[PDB]
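**Q** Please read through the structure below; I'll follow up with questions.
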Ligand SMILES: NS(=O)(=O)c1ccc(CNc2nc[nH]c(=O)c2[N+](=O)[O-])cc1
Ligand SMILES: NS(=O)(=O)c1ccc(CNc2nc[nH]c(=O)c2[N+](=O)[O-])cc1
Ligand SMILES: [Zn+2]
């Protein structure tokens, strides 16, 4: 199986998922100087007031906080998007050290982690159908730097010891993802892909300029998670990020400045 270990990491994925070397792969380096301001972009609309979290799962690659997406409750719209995208889950990618961990980079700068709020286009009826379409998903990307704690993150951090190993899940209700957003919704956007296999080219990426601050103790707790299942040799869950991929024939647009 693919992973991020010594022998099955990102440079190996193409052998099972040939679209790894495709025309619209993610993440990418965001060259701030060459991203053009696009005054036709709209403000992003993040409507998470009715979000219903249900569960948190260690899937052996990251942990996902899953939402009830059976009704139009936590939606992302506007920005570069046409139509309405419903929140299904969020997860993070992070490093073994504070100097690395994000998937997207900003003029080659790597952040300590990166949060992905994953949304699917309601015109496709469900997630599984949406990932088959070029405009199927919108992922809202938010950088994490180490500094002041993020109080809105602590409930997530505190449950991780209950889902240490691959395939563990825990009840995770009433979590409000608004506590994870920075103050500004200024963003960059570009057409890309899932950053893990199956690496489908179905994502409008929206990457916020303003990172959120999390404490060293918070990100330390992410690094105590395990890639392995229970009663297998311990492999800390760290460096679960794909490096920047060739931008190819794509423009990154800025909503600002
Ligand atoms: N193209 S892909 O899906 O990324 C993929 C890549 C590599 C494999 C073989 N994996 C391994 N082979 C040898 N030793 C190991 O320790 C692992 N391992 O770590 O799994 C299987 C699938
Ligand atoms: N890192 S990211 O780009 O935000 C991101 C990556 C993967 C997903 C959903 N995963 C899947 N999607 C479709 N088919 C699949 O088979 C899987 N799967 O097997 O996981 C959602 C978001
Ligand atoms: Zn992700």
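Chain A is numbered as in Swiss-Prot; shown residues: 4-260, in order.
From the backbone N, Cα and C atoms, a Cβ is placed for every residue, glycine too.
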**Q** Looking at Swiss-Prot, 94, 96 are annotated for Zn(2+). Which of 107, 119 sits in that same site?
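**A** Swiss-Prot lists 94, 96 binding Zn(2+), and from 107, 119 it also lists 119.
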**Q** For the feature phosphoserine in Swiss-Prot, which residue out of 105, 172 does the record point to?
**A** 172
**Q** For the candidates 43, 73, 151, 165, I need the one that Swiss-Prot annotates as phosphoserine.
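**A** Per Swiss-Prot, the residue annotated as phosphoserine is 165.
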**Q** Are there residues of the same chain, six or more positions away from residue 62 (site 'Fine-tunes the proton-transfer properties of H-64'), whose CB falls under 8 angstroms from its CB, and which are they?
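**A** The list for residue 62 (site 'Fine-tunes the proton-transfer properties of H-64') reads 169, 170, given in order along the sequence.
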**Q** Near residue 67 (site 'Fine-tunes the proton-transfer properties of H-64'), which binding-site residues out of 94, 96, 198, 199 have their CA within 10 Å?
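**A** Passing the 10 Å Cα cut: 94.
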**Q** If you run the three-state DSSP split on residue 67 (site 'Fine-tunes the proton-transfer properties of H-64'), which class comes out?
**A** strand
**Q** Using C-alpha atoms only, work out the spacing between residue 119 (Zn(2+) binding site) and residue 165 (phosphoserine) and round it to an integer in Å.
**A** 22
**Q** 10 Å Cβ neighbour count around residue 64 (active site, proton donor/acceptor)?
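**A** Its Cβ has 18 other Cβ atoms within 10 Å.
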**Q** When you rank 64, 96, 198, 199 by Cα distance to residue 172 (phosphoserine), which of the recorded positions ends up on top as the closest?
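**A** Considering only the listed recorded positions, the nearest one is 64.
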